[PDB]
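Visitor: Numbering (PDB author numbering), first residue to last: 1 to 106. Yeah, the Cβ is synthetic: ideal placement off N, Cα and C, and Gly gets one too.
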Amino acid sequence: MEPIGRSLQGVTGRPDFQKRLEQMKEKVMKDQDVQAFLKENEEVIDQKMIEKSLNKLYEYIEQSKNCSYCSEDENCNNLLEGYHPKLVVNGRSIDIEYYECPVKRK
Ligand SMILES: [Zn+2]
Numbered sequence: 001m002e003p004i005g006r007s008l009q010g011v012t013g014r015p016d017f018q019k020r021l022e023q024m025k026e027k028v029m030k031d032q033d034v035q036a037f038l039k040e041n042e043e044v045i046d047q048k049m050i051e052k053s054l055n056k057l058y059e060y061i062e063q064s065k066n067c068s069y070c071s072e073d074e075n076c077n078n079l080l081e082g083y084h085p086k087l088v089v090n091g092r093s094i095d096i097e098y099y100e101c102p103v104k105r106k
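What follows is the structure, given as structure tokens:
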């Protein structure tokens, strides 16, 4: 009833960096596309892979999920316009590839 080795002990190393870290960590695990991709490739992806590819997954959700080739969102700065970003597992790292907007097909 009395855990002698309580793991609830914060390491003294906690700069504002960790505040970003925990924020983005949650933010990534808060996006709907991420949920779908996670379970899609959960057999391949590991927890650590997520934290390693954190930057990618966070940049993924932060950018335009859609594209102006379909949406009238002119306020979204897209350079890979005509495409949409999707996550892909490449070895031990998760990358962001663009697939062509299906709206190009009628
Ligand atoms: Zn589109």
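So, at 8 Å on beta carbons, what are the nonlocal neighbours of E51 in its own chain, with the 5 sequence-adjacent residues on each side left out?
Guide: Closer than 8 Å at Cβ, skipping near neighbours: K25.
Visitor: Using the DSSP secondary-structure output, state which residues sit across from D95 in a beta bridge.
Guide: In DSSP, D95 forms a bridge with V88.
Visitor: Is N75 near ligand 1, judged by its Cβ being under 7 Å from some heavy atom?
Guide: No, ligand 1 has no heavy atom inside 7 Å of this Cβ.
Visitor: With the cut-off set at 8 Å, would you say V103 and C70 are in Cβ contact?
Guide: Yes; because the gap between Cβ atoms is below 8 Å, this pair is in contact.
Visitor: Is the closest heavy atom of ligand 1 to the C-beta of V103 under 7 Å?
Guide: Yes, since a heavy atom of ligand 1 falls inside the 7 Å radius drawn around the Cβ of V103.
Visitor: Do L57 and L87 have their beta-carbon atoms positioned less than 8 Å apart in this structure?
Guide: For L87 and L57, yes; Cβs fall inside 8 Å.
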